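Asker: I'd like to ask you about the structure that follows.
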Amino acid sequence: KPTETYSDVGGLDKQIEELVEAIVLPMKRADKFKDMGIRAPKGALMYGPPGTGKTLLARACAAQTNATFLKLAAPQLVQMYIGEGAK
Amino acid sequence: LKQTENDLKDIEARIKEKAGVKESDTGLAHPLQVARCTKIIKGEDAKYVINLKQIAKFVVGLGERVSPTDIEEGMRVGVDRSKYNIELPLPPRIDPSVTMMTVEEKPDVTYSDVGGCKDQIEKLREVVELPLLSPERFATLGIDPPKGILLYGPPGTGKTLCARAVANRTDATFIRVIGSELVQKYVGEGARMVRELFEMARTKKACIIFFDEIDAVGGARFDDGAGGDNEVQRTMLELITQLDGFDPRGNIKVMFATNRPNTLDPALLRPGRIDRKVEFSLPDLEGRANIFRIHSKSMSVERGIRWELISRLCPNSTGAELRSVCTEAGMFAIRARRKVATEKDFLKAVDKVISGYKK
């Protein structure tokens with residue numbers, strides 16, 4: 001449960017509208033989608049330059065729903081013995 | 001004395017070889033560079049049984065125990081590459097790395113080959129000289145100096161004597177750590193060496209921690225980022241957890257040196273740690289003149305020469321190329337058989353650099 005809001009980083013409301021729709025809505029209240037029988041999306045593909053809000057709004061989306069932040073670094077996923085990042 | 005030490009193998013060494021070998025080798029098994037145990041059953045509490053060799057690795061479960069003095073039997077106990085559970089309190093930190101560490105408090109270097117570098121000093125005046133002198137000024141500014149300072153320029157020039165010139169005005173402690181020597185056969189030498197740098201920086205305030213040749217370490221490499229061993233991979237942890245989180249920005253500072261910024265980890269190049277990028281330019285007509293007049297004090301020359309016209313014919317040059325003008329000036333005097341270098345010797349030394357190189 002990191003501490004962040006959506007007002008700490010502004011101007012991304014255009015991207016936040018797509019994030020809240022694909023993250024906050026299927027997570028917070030799922031009773032609207034479960035009554036229709038459809039399956040809610042568990043994620044959305046994100047891409048962009050560093051510092052553009054991809055990693056800035058990560059803890060923000062986790063703080064709105066009060067979730068644990070787990071970050072997977074790319075250099076940490078490559079090792080010698082089979083294990084580690086695979087686990 | 002010669003015959004006295006010969007028979008000690010039958011008398012004194014019999015006890016020494018028993019307590020120093022047989023006890024250490026008991027069961028297919030004081031600086032400790034190695035530890036091994038084979039099939040040891042001890043009732044969770046002081047279990048250990050850790051094989052430092054990459055073959056047949058072991059772990060320790062069933063709770064947590066802290067015994068920094070003696071874990072189980074003493075004797076052979078080690079961590080080395082992979083850190084397992086409760087084995088942390090006794091790391092094998094012994095190593096003759098003292099030849100690598102160079103610590104100079106308040107260096108006396110002012111201007112030798114750095115004459116005319118005051119432009120780069122102004123770049124280091126605000127984010128280095130200012131906090132190391134009056135750190136309380138940043139309280140009213142609202143911001144603080146960035147964590148690290150990145151250096152850039154020609155390879156092997158400007159990253160040595162220019163860093164010590166700033167520490168003179170601030171009376172700080174300059175610690176130079178060579179990155180190529182951080183890489184040894186011991187896995188984790190790069191991360192362990194960085195640990196002791198912040199430990200000594202907390203005792204004495206206003207110290208400068210300098211990392212020489214960071215390209216040999218960086219944030220990741222093949223044997224660590226792409227490999228299974230952890231040395232540089234654990235080195236980046238000491239530059240993040242310690243410096244950023246625990247250590248205040250005013251007293252403790254970090255500076256690197258590199259030929260190219262892309263050779264480092266893009267994770268470190270992001271803001272919050274590495275911000276200031278200092279590019280090393282070349283001395284001007286006034287800067288190159290003050291360097292030649294200093295070298296002329298230790299070299300016999302003519303009293304009627306002029307150092308301004310010597311640096312004028314030579315274009316912008318590095319710190320080494322300027323010292324070459326003075327050293328080669330004595331070579332032309334050998335052909336003329338003179339004890340001192342006249343003005344014509346310096347003119348031929350400049351043309352030797354212009355024509356012989358053409359860079």
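By convention here, the chains of the structure tokens are called A, B, ... in the order presented, each chain's residues are numbered starting at 1, and ligands are numbered starting at 1 in the order presented.
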For chain B against chain A, which residues fall within 12 Å using only C-alpha atoms, given as a CSV table (one decimal) with N, CA, C and O atoms, in the first residue's frame?

Answerer:
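Result written to part00.csv:
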```csv
chain,number,residue,atom,x,y,z
B,54,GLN,N,30.3,-23.6,-5.4
B,54,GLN,CA,29.1,-23.5,-6.2
B,54,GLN,C,28.4,-24.9,-6.4
B,54,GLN,O,27.3,-24.9,-6.8
B,55,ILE,N,29.1,-26.0,-6.1
B,55,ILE,CA,28.6,-27.3,-6.2
B,55,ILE,C,28.0,-27.7,-4.8
B,55,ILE,O,28.6,-27.5,-3.8
B,219,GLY,N,26.4,-0.3,-13.3
B,219,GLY,CA,25.3,-0.8,-12.6
B,219,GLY,C,25.0,-2.3,-12.8
B,219,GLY,O,24.4,-3.0,-12.0
B,220,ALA,N,25.5,-2.8,-14.0
B,220,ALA,CA,25.4,-4.2,-14.3
B,220,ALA,C,26.5,-4.5,-15.3
B,220,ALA,O,27.1,-3.7,-15.9
B,221,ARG,N,26.7,-5.8,-15.5
B,221,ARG,CA,27.7,-6.3,-16.4
B,221,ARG,C,27.3,-7.7,-16.8
B,221,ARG,O,26.2,-8.2,-16.6
B,222,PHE,N,28.2,-8.4,-17.5
B,222,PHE,CA,27.9,-9.8,-18.1
B,222,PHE,C,27.9,-10.8,-17.0
B,222,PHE,O,27.0,-11.7,-16.9
B,223,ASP,N,29.0,-10.8,-16.1
B,223,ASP,CA,29.1,-11.8,-15.0
B,223,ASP,C,28.1,-11.6,-13.9
B,223,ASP,O,28.0,-12.4,-13.0
B,224,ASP,N,27.4,-10.4,-13.8
B,224,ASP,CA,26.5,-10.1,-12.7
B,224,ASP,C,25.1,-9.9,-13.3
B,224,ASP,O,24.2,-10.6,-12.9
B,225,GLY,N,24.9,-8.8,-14.1
B,225,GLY,CA,23.6,-8.6,-14.6
B,225,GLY,C,23.1,-9.8,-15.5
B,225,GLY,O,22.0,-10.3,-15.4
B,226,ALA,N,24.0,-10.2,-16.4
B,226,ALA,CA,23.7,-11.4,-17.3
B,226,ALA,C,24.2,-12.7,-16.7
B,226,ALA,O,23.8,-13.7,-17.2
B,227,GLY,N,25.0,-12.6,-15.6
B,227,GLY,CA,25.5,-13.8,-15.0
B,227,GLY,C,24.8,-14.2,-13.7
B,227,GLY,O,23.9,-13.5,-13.2
B,228,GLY,N,25.2,-15.3,-13.1
B,228,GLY,CA,24.6,-15.8,-11.9
B,228,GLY,C,25.3,-15.2,-10.6
B,228,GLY,O,24.7,-15.2,-9.5
B,229,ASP,N,26.6,-14.8,-10.7
B,229,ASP,CA,27.3,-14.3,-9.6
B,229,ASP,C,26.8,-12.8,-9.3
B,229,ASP,O,26.3,-12.1,-10.2
B,230,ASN,N,27.0,-12.4,-8.0
B,230,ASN,CA,26.6,-11.1,-7.6
B,230,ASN,C,27.8,-10.3,-7.1
B,230,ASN,O,28.3,-10.7,-6.0
B,232,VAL,N,28.7,-6.6,-9.0
B,232,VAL,CA,28.2,-5.3,-9.3
B,232,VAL,C,26.7,-5.3,-9.1
B,232,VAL,O,26.2,-4.2,-8.8
B,233,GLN,N,26.0,-6.4,-9.2
B,233,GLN,CA,24.6,-6.4,-9.0
B,233,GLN,C,24.3,-6.1,-7.5
B,233,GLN,O,23.2,-5.5,-7.3
B,234,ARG,N,25.1,-6.4,-6.6
B,234,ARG,CA,25.0,-6.0,-5.2
B,234,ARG,C,25.7,-4.6,-5.0
B,234,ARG,O,25.5,-4.0,-3.9
B,236,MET,N,25.2,-1.9,-6.9
B,236,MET,CA,24.2,-0.8,-7.1
B,236,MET,C,23.3,-0.7,-5.9
B,236,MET,O,22.7,0.4,-5.7
B,265,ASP,N,24.5,1.9,-16.3
B,265,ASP,CA,23.1,1.4,-16.2
B,265,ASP,C,22.1,2.5,-16.4
B,265,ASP,O,22.2,3.5,-15.7
B,266,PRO,N,21.2,2.4,-17.4
B,266,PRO,CA,20.2,3.5,-17.6
B,266,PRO,C,19.3,3.7,-16.3
B,266,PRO,O,18.7,4.7,-16.2
B,267,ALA,N,19.3,2.7,-15.4
B,267,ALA,CA,18.6,2.9,-14.1
B,267,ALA,C,19.3,3.9,-13.3
B,267,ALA,O,18.6,4.7,-12.6
B,269,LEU,N,21.2,6.4,-14.5
B,269,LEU,CA,21.2,7.7,-15.2
B,269,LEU,C,19.9,8.4,-15.0
B,269,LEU,O,19.9,9.6,-15.3
B,270,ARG,N,18.9,7.8,-14.5
B,270,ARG,CA,17.6,8.5,-14.3
B,270,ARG,C,17.8,9.5,-13.1
B,270,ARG,O,18.7,9.3,-12.3
B,271,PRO,N,16.9,10.5,-13.1
B,271,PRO,CA,17.1,11.5,-12.0
B,271,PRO,C,16.8,10.9,-10.7
B,271,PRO,O,16.2,9.8,-10.5
B,272,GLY,N,17.3,11.7,-9.6
B,272,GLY,CA,17.2,11.2,-8.3
B,272,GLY,C,18.5,10.7,-7.7
B,272,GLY,O,18.7,10.7,-6.5
```

Asker: Leaving out segment 107-118 of chain B and any residue of its chain fewer than 4 positions from it, which residues lie within 7 Å of it when counting only C-alpha atoms, given as a PyMOL selection string?

Answerer: chain B and resi 122+161-162+164-165+167-168+283-284+286-288+290-291+294+319

Asker: Keeping only C-alpha atoms, write the selected residues to a file as a PDB file, in the first residue's frame.

Answerer:
```pdb
ATOM      1  CA  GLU B 122      32.256  26.702 -11.626  1.00  0.00           C
ATOM      2  CA  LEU B 161      43.796  16.318 -10.658  1.00  0.00           C
ATOM      3  CA  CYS B 162      40.616  18.309 -11.352  1.00  0.00           C
ATOM      4  CA  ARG B 164      41.310  17.223  -5.996  1.00  0.00           C
ATOM      5  CA  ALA B 165      41.320  20.950  -6.813  1.00  0.00           C
ATOM      6  CA  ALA B 167      38.454  19.463  -2.350  1.00  0.00           C
ATOM      7  CA  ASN B 168      41.138  22.038  -1.499  1.00  0.00           C
ATOM      8  CA  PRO B 283      42.387  24.830 -21.626  1.00  0.00           C
ATOM      9  CA  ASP B 284      42.397  28.120 -23.518  1.00  0.00           C
ATOM     10  CA  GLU B 286      45.390  31.667 -20.756  1.00  0.00           C
ATOM     11  CA  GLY B 287      44.945  28.185 -19.293  1.00  0.00           C
ATOM     12  CA  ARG B 288      47.669  26.560 -21.389  1.00  0.00           C
ATOM     13  CA  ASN B 290      49.769  28.902 -16.731  1.00  0.00           C
ATOM     14  CA  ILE B 291      50.566  25.189 -17.091  1.00  0.00           C
ATOM     15  CA  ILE B 294      54.707  25.786 -13.619  1.00  0.00           C
ATOM     16  CA  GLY B 319      46.512  17.650 -19.831  1.00  0.00           C
TER      17      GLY B 319
END
```

Asker: Between B:207, B:191, B:255, B:49, which residue has the minimum interatomic distance to residue 124 of chain B, considering only C-alpha atoms?

Answerer: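 Going through B:207, B:191, B:255, B:49 one by one, the smallest distance to residue 124 of chain B is for B:255.
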
Asker: Among segment 30-211 of chain B, which residues carry a DSSP assignment of alpha helix (DSSP H), reported as a ChimeraX atom specification?

Answerer: /B:118-124,130-133,137-141,161-170,189-203

Asker: For those residues, write C-alpha atoms to a file as an mmCIF file, in the first residue's frame.

Answerer:
```
data_model
loop_
_atom_site.group_PDB
_atom_site.id
_atom_site.type_symbol
_atom_site.label_atom_id
_atom_site.label_comp_id
_atom_site.auth_asym_id
_atom_site.auth_seq_id
_atom_site.Cartn_x
_atom_site.Cartn_y
_atom_site.Cartn_z
ATOM 1 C CA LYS B 118 38.100 27.144 -13.566
ATOM 2 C CA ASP B 119 35.222 26.808 -16.047
ATOM 3 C CA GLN B 120 34.730 23.214 -14.892
ATOM 4 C CA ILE B 121 35.255 24.377 -11.302
ATOM 5 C CA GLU B 122 32.256 26.702 -11.626
ATOM 6 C CA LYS B 123 30.231 23.662 -12.703
ATOM 7 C CA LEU B 124 31.374 21.932 -9.493
ATOM 8 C CA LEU B 130 28.777 25.024 -1.935
ATOM 9 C CA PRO B 131 27.291 22.146 0.144
ATOM 10 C CA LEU B 132 30.721 21.072 1.428
ATOM 11 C CA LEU B 133 31.268 24.650 2.686
ATOM 12 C CA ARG B 137 22.242 27.724 2.587
ATOM 13 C CA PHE B 138 20.100 25.044 0.915
ATOM 14 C CA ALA B 139 17.612 25.242 3.801
ATOM 15 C CA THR B 140 16.374 28.644 2.609
ATOM 16 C CA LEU B 141 16.611 27.596 -1.053
ATOM 17 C CA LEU B 161 43.796 16.318 -10.658
ATOM 18 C CA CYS B 162 40.616 18.309 -11.352
ATOM 19 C CA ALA B 163 38.673 16.459 -8.645
ATOM 20 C CA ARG B 164 41.310 17.223 -5.996
ATOM 21 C CA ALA B 165 41.320 20.950 -6.813
ATOM 22 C CA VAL B 166 37.724 21.320 -5.600
ATOM 23 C CA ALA B 167 38.454 19.463 -2.350
ATOM 24 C CA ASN B 168 41.138 22.038 -1.499
ATOM 25 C CA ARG B 169 38.724 24.960 -1.135
ATOM 26 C CA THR B 170 36.289 22.821 0.883
ATOM 27 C CA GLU B 189 34.577 -7.239 -3.832
ATOM 28 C CA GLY B 190 32.986 -4.316 -5.669
ATOM 29 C CA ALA B 191 29.931 -4.260 -3.410
ATOM 30 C CA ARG B 192 31.896 -4.773 -0.187
ATOM 31 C CA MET B 193 34.376 -1.994 -0.996
ATOM 32 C CA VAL B 194 31.531 0.488 -1.508
ATOM 33 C CA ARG B 195 30.118 -0.509 1.893
ATOM 34 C CA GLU B 196 33.236 0.680 3.732
ATOM 35 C CA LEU B 197 33.180 4.001 1.856
ATOM 36 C CA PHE B 198 29.877 5.110 3.392
ATOM 37 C CA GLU B 199 30.944 3.812 6.814
ATOM 38 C CA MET B 200 33.952 6.151 6.857
ATOM 39 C CA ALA B 201 31.864 8.999 5.405
ATOM 40 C CA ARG B 202 29.432 8.946 8.345
ATOM 41 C CA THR B 203 32.175 9.401 10.955
#
```

Asker: Which value, in Å to one decimal, gives the distance between atom CA of residue 62 of chain A and atom CA of residue 38 of chain A?

Answerer: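 Calculated distance between atom CA of residue 62 of chain A and atom CA of residue 38 of chain A is 23.6 Å.
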
Asker: Between atom CA of residue 34 of chain A and atom CA of residue 22 of chain A, what is the distance, to one decimal in Å?

Answerer: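 Atom CA of residue 22 of chain A lies at a distance of 15.3 Å from atom CA of residue 34 of chain A.
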
Asker: To one decimal place in Å, what is the distance between atom CA of residue 44 of chain B and atom CA of residue 82 of chain B?

Answerer: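 Taking atom CA of residue 44 of chain B and atom CA of residue 82 of chain B, their separation equals 19.4 Å.
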
Asker: Counting only C-alpha atoms, which residue out of B:326, B:10, B:213, B:357 sits closest to residue 297 of chain B?

Answerer: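 Ranked by minimum distance to residue 297 of chain B, first place goes to B:326.
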
Asker: Residue 176 of chain B: which residues within 8 Å, counting only C-alpha atoms, same-chain residues fewer than 5 positions away excluded, as JSON, numbers by chain?

Answerer: {"B": [101, 102, 103, 209, 210, 211, 212]}

Asker: Would you return as an MDAnalysis selection string the members of segment 71-188 of chain B that DSSP assigns to strand (DSSP E or B) on this structure's backbone?

Answerer: chainID B and resid 102:105 148:152 173:178

Asker: Determine, counting only C-alpha atoms, which protein, DNA and RNA residues have an atom within 7 Å of an atom of segment 66-75 of chain B; residues of the same chain fewer than 3 positions away are not included. Present the result as a ChimeraX atom specification.

Answerer: /B:24,46-48,86,89-90

Asker: With distances taken over only C-alpha atoms, which of A:26, A:2, A:37, A:43 is nearest to residue 56 of chain A?

Answerer: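 Counting only C-alpha atoms, the residue closest to residue 56 of chain A is A:2.
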